[PDB]
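Numbered from 1 within each chain, the chains take letters A, B, ... in sequence-line order.
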Amino acid sequence: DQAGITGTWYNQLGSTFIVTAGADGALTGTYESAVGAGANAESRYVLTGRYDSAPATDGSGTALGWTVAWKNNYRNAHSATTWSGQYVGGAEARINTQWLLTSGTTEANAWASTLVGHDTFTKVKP
Amino acid sequence: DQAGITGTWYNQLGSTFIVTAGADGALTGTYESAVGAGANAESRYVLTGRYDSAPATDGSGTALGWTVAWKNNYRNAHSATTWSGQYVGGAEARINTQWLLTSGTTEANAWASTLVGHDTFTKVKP
Amino acid sequence: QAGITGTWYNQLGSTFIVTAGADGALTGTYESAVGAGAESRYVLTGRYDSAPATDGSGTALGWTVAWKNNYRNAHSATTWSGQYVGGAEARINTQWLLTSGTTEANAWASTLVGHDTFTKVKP
Amino acid sequence: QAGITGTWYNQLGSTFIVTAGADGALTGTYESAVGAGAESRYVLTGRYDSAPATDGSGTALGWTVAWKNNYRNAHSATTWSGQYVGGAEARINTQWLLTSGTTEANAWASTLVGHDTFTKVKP
(Lines give C-alpha, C1' and ligand atoms only; values in the text may rest on other atoms or scores of the structure.)
Protein backbone atom coordinates (compact mmCIF):
# COMPACT_ATOMS: atom_id res chain seq x y z
CA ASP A 1 0.00 0.00 0.00
CA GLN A 2 3.10 2.32 -0.03
CA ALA A 3 2.06 3.44 -3.58
CA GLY A 4 -1.68 3.61 -2.61
CA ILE A 5 -1.17 5.78 0.56
CA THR A 6 1.46 8.03 -1.16
CA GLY A 7 -0.15 11.07 -2.79
CA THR A 8 -2.52 14.00 -2.31
CA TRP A 9 -5.70 13.48 -0.29
CA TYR A 10 -8.62 15.78 0.55
CA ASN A 11 -11.03 15.44 3.46
CA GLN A 12 -14.70 16.52 3.74
CA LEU A 13 -13.55 20.02 5.02
CA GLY A 14 -11.36 20.51 1.89
CA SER A 15 -8.09 20.08 3.88
CA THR A 16 -5.08 18.86 1.82
CA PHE A 17 -3.06 15.87 3.08
CA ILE A 18 0.15 15.37 1.00
CA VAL A 19 1.90 12.22 2.20
CA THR A 20 4.78 9.93 1.25
CA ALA A 21 4.66 6.35 2.65
CA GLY A 22 8.21 4.88 3.09
CA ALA A 23 8.99 1.14 2.64
CA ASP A 24 9.86 1.08 6.43
CA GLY A 25 6.34 2.22 7.62
CA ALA A 26 7.13 6.01 7.76
CA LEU A 27 4.57 8.68 6.76
CA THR A 28 6.02 12.13 5.83
CA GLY A 29 4.34 15.14 4.31
CA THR A 30 2.38 18.36 4.77
CA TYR A 31 -1.11 19.13 6.01
CA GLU A 32 -3.10 22.24 4.99
CA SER A 33 -6.27 22.76 7.05
CA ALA A 34 -9.25 24.48 5.41
CA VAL A 35 -10.44 25.35 8.99
CA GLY A 36 -9.06 26.42 12.36
CA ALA A 37 -6.78 29.10 13.85
CA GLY A 38 -5.76 31.76 11.24
CA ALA A 39 -8.51 30.74 8.72
CA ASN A 40 -0.97 28.81 0.88
CA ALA A 41 2.23 28.02 2.91
CA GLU A 42 0.72 29.97 5.87
CA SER A 43 -1.87 27.16 6.22
CA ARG A 44 0.64 24.28 5.57
CA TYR A 45 2.27 22.23 8.33
CA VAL A 46 4.71 19.31 8.71
CA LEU A 47 3.23 15.88 9.49
CA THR A 48 4.85 12.56 10.41
CA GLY A 49 3.29 9.22 11.20
CA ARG A 50 3.41 5.46 10.70
CA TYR A 51 1.46 2.84 8.77
CA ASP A 52 1.31 -0.97 8.83
CA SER A 53 3.66 -1.84 5.90
CA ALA A 54 2.47 -5.54 5.95
CA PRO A 55 -1.34 -5.49 6.38
CA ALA A 56 -3.68 -8.56 6.52
CA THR A 57 -4.73 -9.96 3.07
CA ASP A 58 -8.32 -10.78 4.31
CA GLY A 59 -9.55 -7.47 2.73
CA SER A 60 -8.85 -5.62 6.04
CA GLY A 61 -7.80 -1.94 5.86
CA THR A 62 -4.26 -0.77 6.61
CA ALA A 63 -3.87 0.85 10.05
CA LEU A 64 -2.10 4.22 10.03
CA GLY A 65 -1.75 7.43 12.03
CA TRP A 66 -0.09 10.80 11.81
CA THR A 67 0.56 13.95 13.85
CA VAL A 68 0.54 17.66 13.01
CA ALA A 69 1.81 20.26 15.53
CA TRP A 70 0.07 23.44 14.41
CA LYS A 71 3.29 25.50 14.25
CA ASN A 72 4.95 26.56 10.97
CA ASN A 73 7.10 29.59 10.00
CA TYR A 74 3.97 31.88 9.96
CA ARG A 75 1.57 30.65 12.65
CA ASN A 76 1.46 28.80 16.01
CA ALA A 77 -1.91 27.50 17.28
CA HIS A 78 -0.17 25.87 20.37
CA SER A 79 -1.99 22.62 19.54
CA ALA A 80 -1.47 19.23 17.89
CA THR A 81 -3.81 16.86 16.07
CA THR A 82 -3.34 13.14 15.64
CA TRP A 83 -5.32 11.16 13.10
CA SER A 84 -5.74 7.44 13.72
CA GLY A 85 -7.37 5.41 10.97
CA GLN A 86 -7.20 2.91 8.14
CA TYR A 87 -6.50 3.06 4.45
CA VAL A 88 -8.98 1.14 2.24
CA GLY A 89 -7.68 0.49 -1.32
CA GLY A 90 -9.64 -0.27 -4.48
CA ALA A 91 -11.06 1.89 -7.28
CA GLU A 92 -12.25 4.66 -4.85
CA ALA A 93 -9.40 4.56 -2.27
CA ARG A 94 -10.23 6.21 1.06
CA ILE A 95 -8.58 6.95 4.42
CA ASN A 96 -11.09 6.82 7.30
CA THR A 97 -9.82 8.53 10.48
CA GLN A 98 -10.74 9.72 13.89
CA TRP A 99 -8.71 12.55 15.37
CA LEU A 100 -7.70 14.16 18.66
CA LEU A 101 -6.78 17.86 18.68
CA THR A 102 -5.03 18.79 21.95
CA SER A 103 -4.31 22.44 22.85
CA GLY A 104 -1.62 23.58 25.28
CA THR A 105 -3.60 24.73 28.35
CA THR A 106 -3.16 25.73 32.00
CA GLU A 107 -3.84 22.88 34.49
CA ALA A 108 -7.17 24.67 35.32
CA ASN A 109 -8.36 24.44 31.64
CA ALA A 110 -6.82 20.98 30.88
CA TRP A 111 -10.29 19.37 31.14
CA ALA A 112 -11.25 21.27 27.92
CA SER A 113 -7.89 20.69 26.14
CA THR A 114 -8.99 18.09 23.57
CA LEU A 115 -11.39 18.10 20.56
CA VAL A 116 -12.38 14.86 18.85
CA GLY A 117 -13.73 14.31 15.36
CA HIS A 118 -13.58 12.21 12.25
CA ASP A 119 -12.16 12.97 8.76
CA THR A 120 -12.56 10.82 5.60
CA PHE A 121 -9.95 11.43 2.84
CA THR A 122 -10.17 10.63 -0.88
CA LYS A 123 -7.96 11.54 -3.86
CA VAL A 124 -10.80 13.65 -5.49
CA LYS A 125 -9.89 17.41 -5.50
CA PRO A 126 -13.24 18.91 -4.30
CA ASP B 1 11.11 21.97 26.12
CA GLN B 2 13.30 19.94 23.66
CA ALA B 3 15.48 18.89 26.68
CA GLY B 4 12.38 18.34 28.93
CA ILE B 5 10.46 16.10 26.42
CA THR B 6 13.64 14.17 25.40
CA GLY B 7 14.16 11.07 27.55
CA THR B 8 12.55 7.91 28.94
CA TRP B 9 8.94 8.06 30.12
CA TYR B 10 6.66 5.47 31.74
CA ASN B 11 2.87 5.47 31.75
CA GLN B 12 0.43 4.05 34.36
CA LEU B 13 0.48 0.62 32.50
CA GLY B 14 4.32 0.47 32.79
CA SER B 15 4.82 1.10 29.03
CA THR B 16 8.20 2.67 28.08
CA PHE B 17 8.23 5.78 25.84
CA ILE B 18 11.81 6.65 24.72
CA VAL B 19 11.72 9.89 22.74
CA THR B 20 14.06 12.47 21.23
CA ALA B 21 12.59 15.96 20.58
CA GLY B 22 14.36 17.72 17.63
CA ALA B 23 14.86 21.54 17.47
CA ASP B 24 12.49 21.51 14.39
CA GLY B 25 9.45 20.01 16.30
CA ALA B 26 10.18 16.31 15.44
CA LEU B 27 9.57 13.46 17.93
CA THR B 28 11.52 10.20 17.26
CA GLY B 29 11.90 7.12 19.40
CA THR B 30 10.59 3.72 20.47
CA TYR B 31 7.51 2.58 22.34
CA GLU B 32 7.31 -0.65 24.38
CA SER B 33 3.77 -1.54 25.49
CA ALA B 34 3.31 -3.45 28.76
CA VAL B 35 -0.13 -4.58 27.36
CA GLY B 36 -1.75 -5.66 24.10
CA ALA B 37 -1.21 -8.18 21.28
CA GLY B 38 1.68 -10.63 22.05
CA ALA B 39 1.79 -9.75 25.82
CA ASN B 40 12.41 -6.81 25.08
CA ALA B 41 12.81 -5.83 21.36
CA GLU B 42 9.74 -8.03 20.56
CA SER B 43 7.59 -5.48 22.44
CA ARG B 44 9.41 -2.36 21.05
CA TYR B 45 8.14 -0.29 18.12
CA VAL B 46 9.13 2.81 16.13
CA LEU B 47 7.28 6.07 16.92
CA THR B 48 7.29 9.47 15.23
CA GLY B 49 5.40 12.62 16.06
CA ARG B 50 5.52 16.39 16.45
CA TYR B 51 5.54 18.91 19.29
CA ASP B 52 5.05 22.69 19.53
CA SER B 53 8.72 23.89 19.63
CA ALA B 54 7.59 27.46 20.67
CA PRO B 55 4.86 27.05 23.33
CA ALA B 56 2.99 29.88 25.17
CA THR B 57 4.86 31.33 28.23
CA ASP B 58 1.57 31.77 30.24
CA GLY B 59 2.30 28.43 32.06
CA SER B 60 0.36 26.51 29.33
CA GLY B 61 1.49 22.96 28.48
CA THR B 62 3.26 22.08 25.22
CA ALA B 63 1.00 20.36 22.67
CA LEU B 64 2.44 17.16 21.17
CA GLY B 65 1.41 13.92 19.49
CA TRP B 66 2.94 10.72 18.21
CA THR B 67 2.05 7.55 16.28
CA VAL B 68 3.02 3.90 16.67
CA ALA B 69 2.12 1.32 13.98
CA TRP B 70 2.17 -1.96 15.90
CA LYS B 71 4.52 -3.71 13.43
CA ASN B 72 8.18 -4.47 14.20
CA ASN B 73 10.56 -7.25 13.04
CA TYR B 74 8.82 -9.81 15.36
CA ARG B 75 5.13 -8.92 15.56
CA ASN B 76 2.31 -7.23 13.58
CA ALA B 77 -0.92 -6.30 15.42
CA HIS B 78 -2.35 -4.65 12.18
CA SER B 79 -3.15 -1.54 14.25
CA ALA B 80 -1.86 1.95 15.05
CA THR B 81 -2.14 4.17 18.10
CA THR B 82 -1.86 7.93 18.18
CA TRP B 83 -1.33 9.83 21.40
CA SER B 84 -2.41 13.47 21.49
CA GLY B 85 -1.50 15.46 24.58
CA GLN B 86 0.56 18.08 26.35
CA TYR B 87 3.86 18.16 28.16
CA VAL B 88 3.82 19.94 31.56
CA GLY B 89 7.31 20.86 32.85
CA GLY B 90 8.44 21.57 36.41
CA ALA B 91 9.89 19.40 39.19
CA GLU B 92 7.52 16.44 38.44
CA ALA B 93 7.33 16.68 34.62
CA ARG B 94 4.39 14.83 33.06
CA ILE B 95 2.91 14.10 29.62
CA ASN B 96 -0.90 13.88 29.72
CA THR B 97 -2.39 12.15 26.65
CA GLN B 98 -5.50 10.74 25.13
CA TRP B 99 -5.10 8.05 22.50
CA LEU B 100 -6.85 6.40 19.57
CA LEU B 101 -5.95 2.79 18.69
CA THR B 102 -7.27 1.90 15.22
CA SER B 103 -7.18 -1.71 13.93
CA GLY B 104 -7.25 -2.70 10.27
CA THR B 105 -10.76 -4.16 9.79
CA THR B 106 -13.20 -5.28 7.09
CA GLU B 107 -15.81 -2.60 6.14
CA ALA B 108 -18.38 -4.72 8.10
CA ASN B 109 -16.33 -4.45 11.37
CA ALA B 110 -15.08 -0.83 10.81
CA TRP B 111 -17.62 0.45 13.39
CA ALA B 112 -15.57 -1.39 16.10
CA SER B 113 -12.13 -0.43 14.66
CA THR B 114 -11.08 2.17 17.26
CA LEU B 115 -10.29 2.06 21.03
CA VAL B 116 -9.89 5.27 23.02
CA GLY B 117 -8.10 5.85 26.30
CA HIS B 118 -5.80 8.08 28.26
CA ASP B 119 -2.15 7.60 29.35
CA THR B 120 -0.16 9.84 31.77
CA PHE B 121 3.67 9.59 31.49
CA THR B 122 6.32 10.52 34.06
CA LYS B 123 10.09 9.94 34.23
CA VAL B 124 9.74 7.65 37.35
CA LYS B 125 10.66 3.99 36.50
CA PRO B 126 7.76 2.15 38.25
CA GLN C 1 -38.80 18.33 19.98
CA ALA C 2 -41.15 17.55 16.99
CA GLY C 3 -37.97 17.26 14.83
CA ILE C 4 -36.11 14.93 17.27
CA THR C 5 -39.07 12.65 18.15
CA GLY C 6 -39.41 9.70 15.78
CA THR C 7 -37.68 6.77 14.12
CA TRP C 8 -34.02 7.29 13.03
CA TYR C 9 -31.53 5.03 11.26
CA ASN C 10 -27.79 5.28 11.21
CA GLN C 11 -25.24 4.30 8.53
CA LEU C 12 -25.14 0.72 9.98
CA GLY C 13 -28.96 0.32 9.66
CA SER C 14 -29.41 0.52 13.46
CA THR C 15 -32.86 1.84 14.53
CA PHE C 16 -33.16 4.66 17.13
CA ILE C 17 -36.79 5.31 18.28
CA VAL C 18 -36.87 8.40 20.49
CA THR C 19 -39.45 10.64 22.16
CA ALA C 20 -38.19 14.18 23.01
CA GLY C 21 -39.97 15.51 26.17
CA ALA C 22 -40.89 19.24 26.41
CA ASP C 23 -38.35 19.65 29.33
CA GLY C 24 -35.27 18.01 27.77
CA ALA C 25 -35.82 14.21 28.27
CA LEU C 26 -35.01 11.62 25.56
CA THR C 27 -36.68 8.19 26.04
CA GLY C 28 -37.04 5.22 23.75
CA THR C 29 -35.44 2.11 22.26
CA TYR C 30 -32.30 1.26 20.26
CA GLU C 31 -31.82 -1.79 18.03
CA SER C 32 -28.25 -2.27 16.82
CA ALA C 33 -27.65 -3.78 13.36
CA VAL C 34 -24.15 -4.90 14.65
CA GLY C 35 -22.41 -6.30 17.75
CA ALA C 36 -23.18 -8.98 20.40
CA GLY C 37 -26.01 -11.10 18.83
CA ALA C 38 -38.02 -7.30 21.38
CA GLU C 39 -34.83 -9.41 22.02
CA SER C 40 -32.70 -7.05 19.82
CA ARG C 41 -34.17 -3.82 21.33
CA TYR C 42 -32.68 -1.93 24.31
CA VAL C 43 -33.94 0.95 26.47
CA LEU C 44 -32.35 4.33 25.93
CA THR C 45 -32.54 7.50 27.96
CA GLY C 46 -30.90 10.88 27.31
CA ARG C 47 -31.18 14.65 27.36
CA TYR C 48 -31.37 17.39 24.74
CA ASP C 49 -31.22 21.19 24.78
CA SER C 50 -34.96 22.12 24.75
CA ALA C 51 -34.08 25.82 24.05
CA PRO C 52 -31.32 25.88 21.38
CA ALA C 53 -29.63 29.01 19.91
CA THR C 54 -31.67 30.59 17.01
CA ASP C 55 -28.53 31.44 14.91
CA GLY C 56 -28.76 28.22 12.76
CA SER C 57 -26.84 26.26 15.46
CA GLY C 58 -27.68 22.58 15.91
CA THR C 59 -29.39 21.26 19.02
CA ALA C 60 -27.05 19.45 21.46
CA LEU C 61 -28.16 16.06 22.73
CA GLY C 62 -27.00 12.73 24.07
CA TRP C 63 -28.22 9.31 25.11
CA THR C 64 -27.18 6.04 26.71
CA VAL C 65 -27.97 2.40 26.02
CA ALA C 66 -26.86 -0.32 28.45
CA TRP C 67 -26.79 -3.50 26.32
CA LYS C 68 -28.95 -5.55 28.69
CA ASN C 69 -32.57 -6.55 28.01
CA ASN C 70 -34.58 -9.54 29.33
CA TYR C 71 -32.96 -11.86 26.67
CA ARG C 72 -29.32 -10.66 26.22
CA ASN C 73 -26.52 -8.92 28.15
CA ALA C 74 -23.36 -7.63 26.44
CA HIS C 75 -22.04 -6.13 29.76
CA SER C 76 -21.46 -2.83 27.99
CA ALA C 77 -22.99 0.64 27.56
CA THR C 78 -22.85 3.12 24.66
CA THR C 79 -23.31 6.86 24.96
CA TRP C 80 -23.91 9.03 21.89
CA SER C 81 -23.16 12.73 22.12
CA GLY C 82 -24.10 14.97 19.21
CA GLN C 83 -26.39 17.54 17.64
CA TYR C 84 -29.68 17.53 15.78
CA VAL C 85 -29.56 19.61 12.55
CA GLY C 86 -33.04 20.51 11.19
CA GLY C 87 -33.67 21.20 7.47
CA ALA C 88 -34.69 19.50 4.19
CA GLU C 89 -33.18 16.22 5.55
CA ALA C 90 -32.94 16.46 9.38
CA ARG C 91 -29.85 14.66 10.69
CA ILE C 92 -28.42 13.73 14.12
CA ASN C 93 -24.62 13.70 13.94
CA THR C 94 -23.04 11.88 16.88
CA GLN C 95 -19.84 10.56 18.35
CA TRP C 96 -20.11 7.58 20.67
CA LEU C 97 -18.24 5.77 23.44
CA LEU C 98 -18.91 2.04 24.00
CA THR C 99 -17.47 0.89 27.36
CA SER C 100 -17.38 -2.81 28.28
CA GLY C 101 -17.19 -4.05 31.87
CA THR C 102 -13.57 -5.28 32.24
CA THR C 103 -11.08 -6.46 34.85
CA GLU C 104 -8.71 -3.70 36.05
CA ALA C 105 -5.90 -5.35 33.94
CA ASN C 106 -7.99 -5.02 30.69
CA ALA C 107 -9.55 -1.57 31.52
CA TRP C 108 -7.07 0.18 29.09
CA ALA C 109 -8.95 -1.60 26.26
CA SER C 110 -12.51 -1.04 27.72
CA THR C 111 -13.78 1.72 25.38
CA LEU C 112 -14.49 1.83 21.64
CA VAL C 113 -15.12 5.21 19.97
CA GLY C 114 -16.91 6.00 16.74
CA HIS C 115 -19.37 8.22 14.97
CA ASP C 116 -22.94 7.60 13.80
CA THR C 117 -25.14 9.80 11.58
CA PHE C 118 -28.91 9.29 11.82
CA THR C 119 -31.60 10.29 9.31
CA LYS C 120 -35.30 9.41 9.22
CA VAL C 121 -34.77 7.73 5.76
CA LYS C 122 -35.48 3.93 6.05
CA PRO C 123 -32.49 1.87 4.74
CA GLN D 1 -27.13 -0.61 42.49
CA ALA D 2 -26.39 0.09 46.23
CA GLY D 3 -22.75 0.75 45.17
CA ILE D 4 -23.66 3.14 42.29
CA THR D 5 -26.41 5.10 44.10
CA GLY D 6 -25.07 8.10 46.00
CA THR D 7 -22.96 11.24 45.85
CA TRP D 8 -19.76 11.10 43.70
CA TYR D 9 -17.03 13.65 43.01
CA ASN D 10 -14.61 13.74 40.15
CA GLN D 11 -11.02 15.06 39.93
CA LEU D 12 -12.39 18.57 39.09
CA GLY D 13 -14.60 18.64 42.25
CA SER D 14 -17.79 18.24 40.17
CA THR D 15 -20.67 16.56 42.09
CA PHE D 16 -22.61 13.62 40.54
CA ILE D 17 -25.73 12.60 42.57
CA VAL D 18 -27.21 9.43 41.10
CA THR D 19 -29.92 6.89 41.92
CA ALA D 20 -29.46 3.44 40.27
CA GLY D 21 -32.89 1.83 39.57
CA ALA D 22 -33.33 -1.98 39.96
CA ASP D 23 -33.94 -2.28 36.13
CA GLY D 24 -30.93 -0.30 34.82
CA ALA D 25 -32.01 3.41 35.09
CA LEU D 26 -29.65 6.17 36.30
CA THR D 27 -31.38 9.41 37.42
CA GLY D 28 -30.10 12.44 39.29
CA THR D 29 -28.24 15.73 39.14
CA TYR D 30 -24.78 16.95 38.03
CA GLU D 31 -23.04 20.12 39.21
CA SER D 32 -19.89 20.98 37.25
CA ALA D 33 -16.99 22.68 39.06
CA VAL D 34 -15.87 24.05 35.59
CA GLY D 35 -17.28 25.47 32.33
CA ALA D 36 -20.05 27.96 31.36
CA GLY D 37 -20.83 29.87 34.62
CA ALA D 38 -30.03 24.91 42.08
CA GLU D 39 -28.70 27.26 39.32
CA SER D 40 -25.45 25.20 38.98
CA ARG D 41 -27.25 21.79 39.01
CA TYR D 42 -28.43 19.92 35.88
CA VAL D 43 -30.63 16.85 35.35
CA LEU D 44 -28.91 13.65 34.33
CA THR D 45 -30.30 10.39 33.05
CA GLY D 46 -28.46 7.20 32.05
CA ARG D 47 -28.33 3.42 32.08
CA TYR D 48 -26.19 0.79 33.78
CA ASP D 49 -25.79 -2.98 33.48
CA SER D 50 -28.04 -4.24 36.34
CA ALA D 51 -26.61 -7.81 35.94
CA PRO D 52 -22.81 -7.51 35.52
CA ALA D 53 -20.32 -10.40 35.02
CA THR D 54 -19.24 -12.04 38.37
CA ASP D 55 -15.56 -12.52 37.25
CA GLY D 56 -14.34 -9.24 38.93
CA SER D 57 -15.38 -7.23 35.82
CA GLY D 58 -16.59 -3.66 36.34
CA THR D 59 -20.19 -2.63 35.73
CA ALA D 60 -20.75 -0.73 32.45
CA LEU D 61 -22.73 2.49 32.64
CA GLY D 62 -23.33 5.85 31.04
CA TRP D 63 -25.22 9.10 31.46
CA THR D 64 -26.08 12.38 29.78
CA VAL D 65 -26.38 15.96 30.99
CA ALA D 66 -27.79 18.66 28.69
CA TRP D 67 -26.40 21.92 30.13
CA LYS D 68 -29.77 23.67 30.37
CA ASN D 69 -31.62 24.36 33.64
CA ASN D 70 -34.18 27.10 34.47
CA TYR D 71 -31.32 29.67 35.01
CA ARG D 72 -28.56 28.83 32.45
CA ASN D 73 -28.12 27.27 28.99
CA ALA D 74 -24.70 26.33 27.59
CA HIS D 75 -26.28 24.82 24.39
CA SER D 76 -24.25 21.66 24.94
CA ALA D 77 -24.57 18.09 26.24
CA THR D 78 -22.03 15.76 27.87
CA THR D 79 -22.21 11.99 27.88
CA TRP D 80 -20.04 9.91 30.20
CA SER D 81 -19.41 6.28 29.32
CA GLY D 82 -17.56 4.09 31.80
CA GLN D 83 -17.57 1.40 34.46
CA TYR D 84 -18.22 1.19 38.18
CA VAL D 85 -15.46 -0.73 40.05
CA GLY D 86 -16.53 -1.89 43.56
CA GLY D 87 -14.01 -2.47 46.38
CA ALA D 88 -12.28 -0.73 49.34
CA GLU D 89 -12.67 2.61 47.44
CA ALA D 90 -15.44 2.23 44.80
CA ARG D 91 -14.66 4.24 41.67
CA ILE D 92 -16.48 5.15 38.43
CA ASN D 93 -13.95 5.53 35.61
CA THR D 94 -15.37 7.36 32.60
CA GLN D 95 -14.60 8.90 29.26
CA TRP D 96 -16.83 11.74 28.12
CA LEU D 97 -17.94 13.59 24.99
CA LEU D 98 -19.13 17.23 25.31
CA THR D 99 -20.91 18.35 22.11
CA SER D 100 -21.90 22.00 21.61
CA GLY D 101 -24.65 23.10 19.23
CA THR D 102 -22.76 24.64 16.26
CA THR D 103 -23.30 25.93 12.73
CA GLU D 104 -22.48 23.34 10.03
CA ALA D 105 -19.23 25.33 9.27
CA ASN D 106 -18.02 24.94 12.94
CA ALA D 107 -19.33 21.34 13.46
CA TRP D 108 -15.73 19.93 13.03
CA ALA D 109 -14.91 21.64 16.36
CA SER D 110 -18.23 20.71 18.14
CA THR D 111 -16.98 17.94 20.49
CA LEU D 112 -14.54 17.93 23.42
CA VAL D 113 -13.34 14.58 24.82
CA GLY D 114 -11.92 13.77 28.22
CA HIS D 115 -11.91 11.41 31.15
CA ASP D 116 -13.32 11.76 34.67
CA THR D 117 -12.81 9.46 37.68
CA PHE D 118 -15.42 9.62 40.46
CA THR D 119 -15.10 8.49 44.09
CA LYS D 120 -17.45 9.04 47.02
CA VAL D 121 -14.60 10.90 48.89
CA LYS D 122 -15.61 14.61 49.41
CA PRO D 123 -12.90 16.99 48.04
Taking side chain as everything from C-beta outward and backbone as N, CA, C, O, which of these in A/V116 sits under 4.5 Å from a heavy atom of chain B? Side chain, backbone, both or neither.
neither

With a 4.5 Å cut-off on heavy-atom pairs, point out which of B/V46, B/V68, B/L64, B/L101 contacts chain A the most.
B/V46

Using distance alone, with no hydrogens and no angle check, list the donor-acceptor pairs under 3.5 Å between chain B and chain A.
unit_1 : atom_1 : unit_2 : atom_2 : d
B/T48  : OG1    : A/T48  : OG1    : 2.9
B/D52  : OD1    : A/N76  : ND2    : 2.8
B/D52  : OD2    : A/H78  : ND1    : 2.8
B/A54  : O      : A/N76  : ND2    : 2.9
B/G61  : N      : A/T105 : O      : 2.9
B/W66  : N      : A/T67  : OG1    : 3.4
B/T67  : OG1    : A/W66  : N      : 3.4
B/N76  : ND2    : A/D52  : OD1    : 2.8
B/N76  : ND2    : A/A54  : O      : 2.9
B/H78  : ND1    : A/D52  : OD2    : 2.8
B/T82  : OG1    : A/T82  : OG1    : 3.1
B/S84  : O      : A/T102 : OG1    : 3.4
B/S84  : OG     : A/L100 : O      : 3.1
B/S84  : OG     : A/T102 : OG1    : 2.7
B/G85  : N      : A/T102 : OG1    : 3.4
B/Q86  : OE1    : A/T105 : N      : 2.8
B/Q86  : NE2    : A/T105 : OG1    : 3.1
B/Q98  : OE1    : A/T114 : OG1    : 3.3
B/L100 : O      : A/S84  : OG     : 3.1
B/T102 : OG1    : A/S84  : O      : 3.4
B/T102 : OG1    : A/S84  : OG     : 2.7
B/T102 : OG1    : A/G85  : N      : 3.4
B/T105 : N      : A/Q86  : OE1    : 2.8
B/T105 : O      : A/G61  : N      : 2.9
B/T105 : OG1    : A/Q86  : NE2    : 3.1
B/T114 : OG1    : A/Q98  : OE1    : 3.3

In terms of heavy-atom pairs under 4.5 Å, which option from B/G59, B/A77, B/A110, B/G85 contacts chain A the most?
B/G85

For the residue pair B/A80 and A/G65, what are the closest heavy atoms and their distance?
CB-N, 4.4 Å

